[PDB]
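Asks: My questions will all concern the structure given below.
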Ligand SMILES: CCCCCCCCCCCCCCCCCC(=O)O
Ligand SMILES: CCCCCCCCCCCCCC(=O)O
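Chains as they are written, first to last, in the entry's author numbering: chain A, 15 to 69; chain B, 9 to 300, 304; chain C, 194 to 241; chain D, 50 to 145; chain E, 7 to 256; chain F, 7 to 256; chain G, 7 to 256.
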């Protein structure tokens, strides 16, 4: 499950820091987070899909 | 051990949200289509409730729309000209470190209000004829309040504590990692206020919007020489943000920028959307209708 | 956008109004292949 | 959800470009407005956050979402057919 | 329930706001205002929390909405920096932090129409438009009146670019709410303290801009009441002041 | 619940009809449309079920309601026999069967008034009125235009006798619903396939007549919008075509 | 058995093809036509499957084979894009997918001789031969008639290079079958949906080219029937249309 576009995994000698400072390390892009609600649904009363929103 | 750790380092595929099969819904009471934009929330309605959908097990990858991926790409942030010919025979230049100089990088970074990142800086240096001779150059980072050099050979280039980089134009471009350097907990492209107390009654309100939490000193660049080389050197500085966290998204700038550190726009307002003849005009020929029904 | 029926108002009510369209993307929306945008332009490589 | 600039016409200026005008019609089945729904294309989608983020990428996929908020008086009533035509065809000339 | 109730009551301190057409309340970034935690706190001075004295609804500015009105904006806490005990605490102390509860009240009859977008823009850096003629026009830097309008607020000159060179269409990215005279008559935005620093000077720095822009213009038939006011009411929440000294006004 | 909700959403195929004044939905004879069972099926050809292609809301006819308008009628499936993929399936095949979801949309302001009876009459045999003068007037047999109006529908000449010699007062025996501009603005009649035969020719035989008759005339005061349209939207349900051959139009 | 039977019957929908000289049936790439699986499906619209209506043998084109005939080709689904319910479904919908069952019928007496290679070429890009004289001859791009012949098919001008600059000798790499008037009189090629995309426009894009080329010329002695026809019969299989809109013809 990579971006290789074919069957194969190989061996992964990557993401190695060679310096005593950790900010010298390669871009930290192992983790992806998708929490859209803080921007798309910030209202107090959560509205169900089915129900007409204002009553 | 740490071997298992290396195995799980390739970026894994996170897929997009799947569609579920849906049928007709002929009942009163259930109204997914009806929303209330007034509440301030985006529509919660899904494809499956508005039309009859099939089951799709979506395998499209979302890993690339990340603030890491979006910003982890080196872009031009400065061009320092080390003039050593004609009227300008200084053979050194002190360039204020700011990333708001060039549109392509500025506009990307101003998507956020606050950002905390480490950056990687690359110095592509060459002559007017794009030639890279064996010419030695000193790149010295001068943190805010470190003395700035006033001459080609001044004491400030001893660098007992200032970090400097010696490289020949001949060598592949110098690169260094820089940490998150800021008194504040994050950087801040928009500061709505003044850095000093006062009444701010100046015919030119320069001080407005200028937070020194962002101003991160200068880079002093010289040709390590005794006398005028008679050659100007161009230093393209490339910044690749990394380890990036961003807060409070903002609208992408529409108007062309005018100055470096101030959002200011020409009184000619360029419309966000390219205009067309009428509100019922679309530019698509399509095909020949079978029943003209 | 077509009129399914007409826009009907009583007397002493404005007979012209507005609709505000708000565009977004759904949960299955995905992008690919980061590239530089067309949407902003400075004059040359050496500008503010 | 961010506002589409559907009224992106020669004459219209400023905030007026963000309003689709509607009115009592003497004739049934006249076309109120029309816009293409490809975020990349120069047009009403340029004014949306989705349209501006798309132009930072080459390829896009998935369902889009248009929300229409009416801002007539409480006393105003009406019905609107909002149709989406898949790629083959031109802009429909009649409601049928 | 799964639906927002139309009728709503907002009680902070010794003030209560009742509204019968609330289109729900926006909680910005899905976070409630709270006192600075020990871990985020940098400054060792014990911070005063005046509670009810400062945490209450202040009705500061009422504006007359017209058919050609272009919009108004305020800067928080600048708008309140001289009004009530809050004002005094803000002048007497250096460091400042609070979230707020915005509430814009605009009623009209069922025979008026129009839409106001009410949006809270964090770090609203007011721009100055320079005339095409001269590259560095004197109006390249906005004067103090435009950056800090105070209680009376300031009229937008170019609301399309939100006087900041960013499209109003995309302003819906910030915590926003509409006042459709068709549906509702009030907009409530609870906003937590948003800043890179845990405490900031109330006087020098404005955490948020409060912008009310008429998107759909106000229209009505001859005979209806022409005067339709828009009122801003703001309640600071979890206010915390520190670094006591001589009172300084701006 | 024990009460019909005012607000209702009807989604068939790639079409959705939203209404905020639905006075409930009539299910004719308390039976849902369904595919012909094996036991009732007489014809051995495997029947094509195009599903979403044919089963979706078609908005065919809009009519202007006036103070003296007498009413309109359509014949199903005649009304749809030339529109969309349904039309093509109906021309290409001999045998036909489906129920339908009628939805008549008529909005007006709270200052208009009037009542439309919307009624589905199975086997609506249009009569022809013969003038008293001659016993066998040429207009004893209604011409093809009156029996099969198609998409545009036909104006009633004598809506009191529903152009069939049967009193309109007793038309409420058939599946019906009212559009009182006071209460509602839409009428939905789901109708199952009603015929003595399990499958019939879409072209030759009309299973149902769709009649919209203004009982209480449309009245309003000077200043209101005179143009008040009535729109017919029909969605075939559980459509099944069989006996494929050369496409025949009527 | 371990041998292909000479006599064979092919029944799809309401059509049956019987042949007493079938030289076996080719299943292209050893894969049967099937409906798009959930995993490969990209488009969220529910896809209509008309089954028997569209999935049946259509006899479209008959051609007269002569001693100097050079060959004919058709483009699928272009050949069927205007014939029967398939044609209508293909015009009314955007996305399209189906495999097909080809069957080329050519009988002659035991005293005629000749060989036809019948080959299905996926993505048959018709080339245009430019005369040696001019480097960019106007006939560098083949006109619409050559790329999309429709029902009537198109005569090869250079069958040796299959009008595409690729040798006919190596055309046997594609799914093919011979009609040796010595042995057989029919060629059947079942072909699954072959495309980089799960669904494509029937009108714009042609998945396969159907080429019948006489390798060994037709020869016979004076007295035999000179008129020897070659008939193309095609049955779409597991047809699936999606994205319903206004009918578009090419
Ligand atoms: C010798 C070279 C060493 C590299 C040192 C690089 C130091 C860079 C500081 C960090 C850069 C990010 C902050 C940019 C903020 C400036 C924006 C502005 O206020 O105009
Ligand atoms: C130099 C030695 C590096 C070893 C790195 C780990 C390799 C593990 C073998 C399997 C390949 C990784 C992906 C997987 O687990 O399938």
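Ideal Cβ placement from N, Cα and C applies to all residues, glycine included.
Quick check: the Cα distance between residue 141/G and residue 144/B, rounded to an integer number of angstroms?
Replies: In a straight line, the C-alpha of residue 141/G is about 55 Å away from that of residue 144/B.
Asks: Residue 65/B: buried (16+ other C-beta within 10 angstroms of its C-beta) or exposed?
Replies: When all chains shown are included, residue 65/B counts as exposed.
Asks: Who's in the neighbourhood of ligand 2, going by beta-carbon under 6 Å from any heavy atom, listed in chain order?
Replies: 23/A, 25/A, 26/A, 27/A, 11/B, 14/B, 15/B
Asks: Between the alpha carbons of residue 147/F and residue 234/F, how many angstroms are there, rounded?
Replies: 33 Å
Asks: Does ligand 1 have even one heavy atom less than 7 Å from the beta-carbon of residue 222/B?
Replies: At least one heavy atom of ligand 1 is nearer than 7 Å to the Cβ of residue 222/B, so yes.
Asks: Checking contacts by CB at 8 Å: is residue 76/B closer than that to chain A?
Replies: yes
Asks: So with Cβ pairs under 8 Å, would you call residue 28/F a contact of chain B?
Replies: yes
Asks: What I want to know is whether the C-beta of residue 118/D ends up closer than 7 Å to one or more non-hydrogen atoms of ligand 1.
Replies: no
Asks: Name the two residues that bound the continuous alpha helix (DSSP H) containing residue 90/F.
Replies: If you look at residue 90/F, you'll find it in the alpha helix (DSSP H) that goes 90-98.
Asks: Residues bridged to residue 239/C by DSSP?
Replies: Beta-bridge partners assigned by DSSP to residue 239/C: none are found.
Asks: List the whole-angstrom C-beta distance separating residue 122/D from residue 72/E, where the pair is believed to meet the contact cut-off of C-beta under 8 Å.
Replies: Contact between residue 122/D and residue 72/E fails: their C-beta atoms lie close to 17 Å from each other, not under 8 Å.
Asks: Quick one: what's got a C-beta closer than 8 Å to residue 227/G's C-beta in the same chain, skipping five residues either side?
Replies: 117
Asks: So residue 238/C contacts chain B; which residues on that side make the cut at Cβ distance below 9 Å?
Replies: 84, 87, 110, 244
Asks: To the nearest angstrom, how far is it from the Cα of residue 100/B to the Cα of residue 179/B?
Replies: 20 Å
Asks: Could you give the distance in angstroms between the alpha-carbon of residue 229/G and the alpha-carbon of residue 236/G?
Replies: 20 Å
Asks: Could you check whether the Cβ of residue 171/B sits closer than 7 Å to any heavy atom belonging to ligand 1?
Replies: yes
Asks: Are the C-beta of residue 149/G and some C-beta of chain B separated by less than 8 Å?
Replies: no
Asks: From the beta carbon of residue 18/B, is the nearest beta carbon of chain F less than 8 Å away?
Replies: no
Asks: Checking contacts by CB at 8 Å: is residue 117/E closer than that to chain D?
Replies: Output row for residue 117/E: interface = yes.
Asks: Is the stretch 49-66 of chain G in contact with the stretch 93-110 of chain G, if contact means three or more CB pairs nearer than 8 Å?
Replies: yes
Asks: Residues of chain E with CB closer than 9 Å to the CB of residue 51/A, please, in chain order.
Replies: 36
Asks: Which stretch, first to last residue, makes up the alpha helix (DSSP H) that contains residue 216/G?
Replies: Premise fails: residue 216/G lies in the beta strand (DSSP E), 214-226, not in any alpha helix (DSSP H).
Asks: Any chance the CB of residue 154/B is under 7 Å from a heavy atom of ligand 1?
Replies: For ligand 1, not one heavy atom lies less than 7 Å from the Cβ of residue 154/B.
Asks: With a threshold of 8 Å on Cβ separation, who are the neighbours of residue 27/B within its own chain once the five nearest residues in sequence on each side are excluded?
Replies: 55, 56, 61, 62, 63, 64, 66
Asks: Below 8 Å CB to CB, which residues in the same chain sit around residue 85/G once its five sequence neighbours on both sides are set aside?
Replies: Apart from sequence neighbours up to five positions away, the residues of its chain that approach residue 85/G with a beta-carbon distance below 8 Å are 66, 67, 155, 156, 157, 159, 216, 238, 240, ordered along the chain.
Asks: Would the C-beta of residue 122/B count as close to ligand 1, meaning under 7 Å from any of its heavy atoms?
Replies: no
Asks: Roughly how many angstroms lie between the CA atoms of residue 167/B and residue 101/D, to the nearest whole one?
Replies: If I take the Cα positions, the gap works out to 45 Å.
Asks: Could you tell me which of 111/E, 36/E, 253/E, 174/E sits nearest to residue 25/E, measuring between CA atoms?
Replies: 111/E
Asks: Any idea if residue 194/G is buried or exposed, counting beta-carbon neighbours within 10 angstroms, 16 or more meaning buried?
Replies: buried
Asks: Looking at the unbroken beta strand (DSSP E) that takes in residue 164/E, where does it start and where does it end?
Replies: Careful: residue 164/E lies outside any beta strand (DSSP E) and carries neither H nor E.
Asks: Step through the CB atoms of chain B and report whether any lies within less than 8 Å of the CB of residue 192/F.
Replies: no
Asks: Would you mind stating whether residue 50/D and residue 116/D have Cβ atoms separated by less than 8 Å?
Replies: yes
Asks: Could you give the first and the last residue of the continuous alpha helix (DSSP H) run that contains residue 30/F?
Replies: Premise fails: residue 30/F lies in the beta strand (DSSP E), 28-33, not in any alpha helix (DSSP H).
Asks: Could you name the residues that DSSP lists as bridge partners for residue 184/E?
Replies: 123/E
Asks: Cβ of residue 123/D less than 8 Å from any chain E Cβ?
Replies: yes
Asks: Along chain C, in chain order, which residues have C-beta atoms closer than 9 Å to that of residue 73/D?
Replies: 199, 200, 201, 202, 208, 209
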